[PDB]
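Working notes, structure below.
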Amino acid sequence: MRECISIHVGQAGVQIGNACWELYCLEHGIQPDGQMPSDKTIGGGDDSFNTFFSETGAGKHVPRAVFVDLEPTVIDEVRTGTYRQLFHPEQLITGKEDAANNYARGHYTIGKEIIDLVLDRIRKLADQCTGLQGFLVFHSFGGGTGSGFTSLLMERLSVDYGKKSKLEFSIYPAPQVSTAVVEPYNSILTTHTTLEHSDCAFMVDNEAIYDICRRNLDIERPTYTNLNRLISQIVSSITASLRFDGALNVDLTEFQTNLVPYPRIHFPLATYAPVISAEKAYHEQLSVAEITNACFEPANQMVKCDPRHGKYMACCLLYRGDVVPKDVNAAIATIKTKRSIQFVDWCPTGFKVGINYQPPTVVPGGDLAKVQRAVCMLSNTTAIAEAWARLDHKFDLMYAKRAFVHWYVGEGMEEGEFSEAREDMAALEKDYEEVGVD
Amino acid sequence: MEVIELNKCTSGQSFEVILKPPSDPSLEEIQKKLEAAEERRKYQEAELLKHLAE
Amino acid sequence: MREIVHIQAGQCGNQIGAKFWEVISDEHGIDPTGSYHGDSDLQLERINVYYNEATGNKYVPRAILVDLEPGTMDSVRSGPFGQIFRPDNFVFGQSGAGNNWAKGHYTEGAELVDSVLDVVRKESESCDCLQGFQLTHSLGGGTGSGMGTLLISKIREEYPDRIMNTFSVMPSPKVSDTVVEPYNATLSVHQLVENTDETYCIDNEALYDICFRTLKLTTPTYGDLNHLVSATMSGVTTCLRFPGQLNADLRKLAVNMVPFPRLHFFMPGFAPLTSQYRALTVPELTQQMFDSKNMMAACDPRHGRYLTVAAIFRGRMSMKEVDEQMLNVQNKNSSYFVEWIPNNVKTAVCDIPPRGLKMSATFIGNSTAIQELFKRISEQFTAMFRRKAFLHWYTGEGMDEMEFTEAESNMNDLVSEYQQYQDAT
Amino acid sequence: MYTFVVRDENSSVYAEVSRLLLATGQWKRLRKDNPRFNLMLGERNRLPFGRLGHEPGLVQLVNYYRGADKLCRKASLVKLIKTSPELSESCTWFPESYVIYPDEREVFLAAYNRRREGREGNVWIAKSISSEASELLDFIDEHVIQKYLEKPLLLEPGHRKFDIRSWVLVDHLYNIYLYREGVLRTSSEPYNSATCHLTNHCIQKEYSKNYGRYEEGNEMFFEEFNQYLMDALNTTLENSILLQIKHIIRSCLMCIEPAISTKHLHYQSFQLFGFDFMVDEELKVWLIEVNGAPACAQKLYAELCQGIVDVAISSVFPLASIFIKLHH
Ligand SMILES: Nc1nc2c(ncn2[C@@H]2O[C@H](COP(=O)(O)OP(=O)(O)OP(=O)(O)O)[C@@H](O)[C@H]2O)c(=O)[nH]1
Ligand SMILES: Nc1ncnc2c1ncn2[C@@H]1O[C@H](COP(=O)(O)OP(=O)(O)CP(=O)(O)O)[C@@H](O)[C@H]1O
Ligand SMILES: Nc1nc2c(ncn2[C@@H]2O[C@H](COP(=O)(O)OP(=O)(O)O)[C@@H](O)[C@H]2O)c(=O)[nH]1
Ligand SMILES: [Ca+2]
Ligand SMILES: [Ca+2]
Ligand SMILES: [Ca+2]
Ligand SMILES: [Ca+2]
Ligand SMILES: [Mg+2]
Ligand SMILES: [Mg+2]
Ligand SMILES: [Mg+2]
């Protein structure tokens, strides 16, 4: 058993992390006070769930997690919320004044003053690990802390844990719920500084989650609470393999092996189905073929883009619920003769499948209805570069006028880092087109 | 198709179906960046306080 | 606790400042004695931004009252909420400033400034996380204009890493006290261009027209003008005083609103402006909010382009419908929003409406049309300066003509800077 | 009020479309780079499909189908017809073709050597005409090679060649609309099997003395061509040619539908296509090419462009038939 440490940075990272650990507790049967009845090895054990939870002599199961925010108000919610008893205060790290949606403020000015404290707190959790395998880092692209401090933390982690893997859950900026005009700036900046330090990064576009909530959950104006509940389902199905018995994606290294043949091209597209409103009294339970076919509908992806115009490098199907391999292959055979699924010539056309019999768990009283079976597809398709092109375009519009650049220079950042980060993004778009276009 | 590496357990099973075969900077270098940024900050502030002194 | 330190200087600054504290004190459920008597926790969740908590659970405004004569401040101390202000925070002289920028900035004001900074320092030292300062003042007089900008310059020297925010009342010959107001305003604008991060440009010309043409006030008084200003000030600070995600502190607001350091002068707007029990739908708020007749700067928004816009809706309403109406405004009149700043319009919604209204909307726009305001002042300035008229009032206080020439050139540069970005594509 | 942008100034069709929209008073044109548009009249090359459908509160429509180049490129079409089971190499309406890079060289020779062996017709054409394979291969090294219709239908008087151009509109729902009006781009020169071979309207006005002798602009419209077929061959344009054309159109478009449909996409597509057909002496129709950015006959610009607005634009953006719906 190898441990995983989760790191939640900034508001988005903290609130999403709050929703995932709530969902983890429900799935593993861990009560808010940290007690886990089904756990018979008191105060210890090397079970699958122990990769995310430590154990105290009193039987408490403590998330192997650290929360970091340059402002106290969001993490104060965790300090006084339902699962306040899960975490010890050493895990919740807060500052006084935040990065003001300024990457430079989060990376240089304010990050420099708190980076050593976070590492020390992270070192404490690493010292409780008999075989630490790496980190899962949750953050937004658009915030000053989620973008600026995350990139600094990812740098130091490569120095202090050069052999450990690092995976990201990144929230891509969407104007329907965004809070700063400069979020494209922070997005390119943090993607350029973090690119070499991340082994696998799952981007979630708030736009896609927003529309999914409006279209499939009948939410007029979704809130972060609606978005984070859904995001935690996707995150849960992605990490279920690390927390439960199984043979697919059993360690963080396998994510890179199964999903990322090219290091820089380490952004798998996530597609999830079904999303059913809990308000519908009776709903036709979808079959294995139906929820699998839904994995190739853009309307269900975490990032709106068209995989038909692009090539695949890898594909994993993660099923939770009543699914047997026979139905998966039957559904796949049918789909292959009706969809546009192109793999790169130097890759086999196939699917790595994992099935967990335990169906998805839903927060009691939430928006998602209980379903008999669900699936999360993780496909490394070149079509996800559409998100880079959209982002780099917004960057170009503002930077040609130098709009807002003085906010970053004033914090000690140099104007050249803008074009350097932009040149790196330009090269990243070129790599995608080489792999996906003829 | 072709099903391979079928693994089964109490909580589920995994496998692979094939449809067709194919055809870091150091802590020192980082610290120099941070201190350099903080240096430019202090320089720009000193020039402001110089302008205000005038 | 992101504390804000409020400063009000001169006759105008202290009169609008007093009304501002009366308005928000009511919204937060604070009475003239400092005691809280509200029925909603939202009223107190961010009460510390503008109020200090004292003994007996009293709430004391973090406000400093400044003037070179005691007149207006004696009125404030006897006004409705006069007793709520901290007595030690009344800092005043006796000579006055004679509507003379030089007196407020160089001679009479210099004698009193250190006393104000002593009170400012005592307020800042007890702040957990000081956001910055907000100053209320006019630019056409002497104390608010001349000493106000002197304070700003000395506050920046001691607190260079804090946000400087002002509500600046712009002079107009329509509502004028002396002929030297363009001199005082031109000298002050140069100070503001350099030493503030956010300036709400409140044009007495716009305030008068709204009172006369809209509210149907044939003989508007300053009290009528200030009712519009205090209502606008409550609106623009809503995101600071209540829990929210967008523009919830002074620096994040500046990051969203100021793409270039010198172009930080905003056109405020308010809706509804009614002369009253009728329900105002969300479409109605949105149209009126963007209507130039609801702007406070007397500039035609269609004569320029929006660099950035902040919108605030107050009251119980459909947020879905709010989002729809805001998208309609942009998509319908997209030519007036610069295309090189994507998604430059941010919208916030607060559940608590202002007093008397079920629903209201406050508009904060960074438009290049604000240049019309600075061109107006520049033309009035030059009409006198070319003949050196009334200059002796200033040279007698030690000023040289050169300093007027520089202030003239600085504001013309500011106008040229706005015109540059009004043609950028 | 609806909004649109123009990003292909050289488009004659959508120039008229843009003119019609503005003349409706309910459409407003924006700068080419303003994102808050409803409709995009996109450019022909590197159209930024990835930036469409990401504007909250805007239903966005574009006048091109992403991925339609597979059908509108010389080499793309050949590969699509040979590799698509819906079409297969058992495609009785497409001339035997081969893609040659300056690859299918060995295949082109295996069939070429069988034709000179069988003493049958062995004339081919190269594009991106000769009975000698070496002359073609030497030319490409300085493309595609398909069988040249040596037995083409010849109009009389004249004993001359021609081709048929059909305009096909596909709306966001993927209905196939065939414009009832076609044109025959005719050759004003008699056909000699030993300018009169290429029916291009430009080569006819630049390298033919008789340009305009028989018909104006070497363009015979359907009303006349039908009467000719009735008087000369005792048949109608509908039975002898139009059935095959309708069949070829839907076959091609239904083939790529799964790859380009925008039915469940965050933006919508429509596109006007130009199909070019050849007819042989036995009244068999052959597909020659598909044009993804076609122009229209001068006389028909008004009617066709108005139908684009009716079925393709106003269908998605309603305001305040000349087509044949090929059902499927
Ligand atoms: N899905 C989701 N997105 C969020 C959430 N909170 C913020 N965001 C998005 O994150 C971006 C803003 O960044 P934040 O995480 O709030 O900023 P930060 O990391 O706290 O950094 P600061 O600037 O110092 O506050 C915007 O694009 C928001 O839409 C959340 O709870 N869920
Ligand atoms: N296989 C073939 N058999 C007989 N004639 C052929 C032929 N291929 C081409 N042609 C003749 O050559 C002409 C030009 O063919 P081609 O497809 O290259 O036109 P083009 O694509 O260069 C311009 P456009 O895009 O407007 O059609 C046709 O109109 C036809 O007369
Ligand atoms: N809106 C408003 N403007 C005022 C008020 N009092 C004065 N002014 C304007 O302020 C300018 C004069 O400045 P004033 O505040 O009286 O001078 P000061 O006391 O030296 O700062 C003139 O342009 C007046 O029109 C007021 O109560 N409300
Ligand atoms: Ca145990
Ligand atoms: Ca590494
Ligand atoms: Ca004195
Ligand atoms: Ca002193
Ligand atoms: Mg934050
Ligand atoms: Mg006065
Ligand atoms: Mg062509």
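Protein chains in written order, with the entry's author numbering: chain A, 1 to 438; chain E, 6 to 28, 44 to 74; chain B, 1 to 42, 45 to 277, 282 to 360, 369 to 439; chain F, 1 to 102, 126 to 151, 162 to 175, 180 to 231, 237 to 362, 373 to 380. Beta carbons are placed, not taken as given, at the ideal position from N, Cα and C, and that holds for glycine.
| Query | Result |
| --- | --- |
| Cβ contact (3+ pairs, closer than 8 Å) linking the segment 166-176 of chain B and the segment 139-147 of chain B | yes |
| Span separating the alpha-carbon of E71/B from that of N186/B | 18 Å |
| Inter-residue Cα distance where the pair is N18/A and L313/B | 37 Å |
| Check: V115/B C-beta below 7 Å from any heavy atom of ligand 3 | no |
| Endpoints, the alpha helix (DSSP H) within which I298/F is located | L285 to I302 |
| Ordered list of beta strand (DSSP E) runs contained in the segment 190-224 of chain F, each at least 3 residues | 197-207 and 213-216 |
| Distance cut-off 7 Å: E71/A Cβ against heavy atoms of ligand 8 | yes |
| Simplified DSSP assignment, three categories, for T278/F | coil |
| C-beta neighbour in chain A for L24/E, strict 8 Å | yes |
| Chain-ordered neighbours of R221/A on chain B, where CB pairs are closer than 7 Å | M325, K326 and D329 |
| Nearest neighbour of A18/B, chosen from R284/B, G134/B and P63/B [CA to CA] | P63/B |
| Alpha-carbon to alpha-carbon, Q348/F and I374/F | 10 Å |
| Alpha-carbon to alpha-carbon, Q434/B and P56/F | 30 Å |
| Contiguous beta strand (DSSP E) assignments of at least 3 residues, all confined to the segment 297-323 of chain B | 312-320 |
| Chain B residues whose Cβ lies nearer than 8 Å to that of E74/E | Neighbours of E74/E on chain B: none; closest Cβ ~11 Å, over 8 Å. |
| Ligand 5 heavy atom lying under 7 Å from the CB of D160/A | no |
| Stretch pair the segment 91-100 of chain F + the segment 331-348 of chain F: three plus CB contacts closer than 8 Å | no |
| Closer than 8 Å at the beta carbon, the chain F residues around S340/B | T3, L30, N34 and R36 |
| Closest Cα partner of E143/F within the set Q310/F, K188/F and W204/F | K188/F |
| Distance cut-off 7 Å: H266/A Cβ against heavy atoms of ligand 5 | no |
| DSSP state of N350/B mapped onto helix, strand, coil | coil |
| Pick from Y103/A, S6/A, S178/A and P348/A that is closest to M413/A, judged by C-alpha positions | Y103/A |
| heavy atom of ligand 8 below 7 Å from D69/B C-beta | no |
| Counterpart residues of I376/F in DSSP-defined beta bridges | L215/F |
| Cβ pair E110/B, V51/B closer than 8 Å | no |
| Residue nearest to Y185/A in terms of C-alpha spacing, selected from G436/A, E434/A, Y432/A and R390/A | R390/A |
| Closest by C-alpha distance to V207/F, when choosing among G53/F, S11/F and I302/F | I302/F |
| Same chain, Cβ closer than 7 Å to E393/B, neighbours up to 5 away in sequence not counted | none |
| Element boundaries [alpha helix (DSSP H), containing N54/B] | Careful: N54/B lies outside any alpha helix (DSSP H), inside the beta strand (DSSP E) at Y53 to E55. |
| Three CB pairs or more closer than 8 Å across the segment 124-140 of chain A and the segment 166-177 of chain A | yes |
| Residue range of the unbroken beta strand (DSSP E) whose run includes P270/B | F267 to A273 |
| Unbroken alpha helix (DSSP H) run spanning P184/B, endpoints | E183 to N197 |
| Neighbour list for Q247/B in chain F, Cβ cutoff strictly below 9 Å | None at all; the shortest Cβ gap to chain F is about 17 Å. |
| Interface partners of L58/F on chain B, CB under 9 Å | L333 and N337 |
| Three-pair Cβ contact test at 8 Å for the segment 73-90 of chain A versus the segment 382-400 of chain A | no |
| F388/B: first and last residue of the uninterrupted alpha helix (DSSP H) it sits in | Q385 to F399 |
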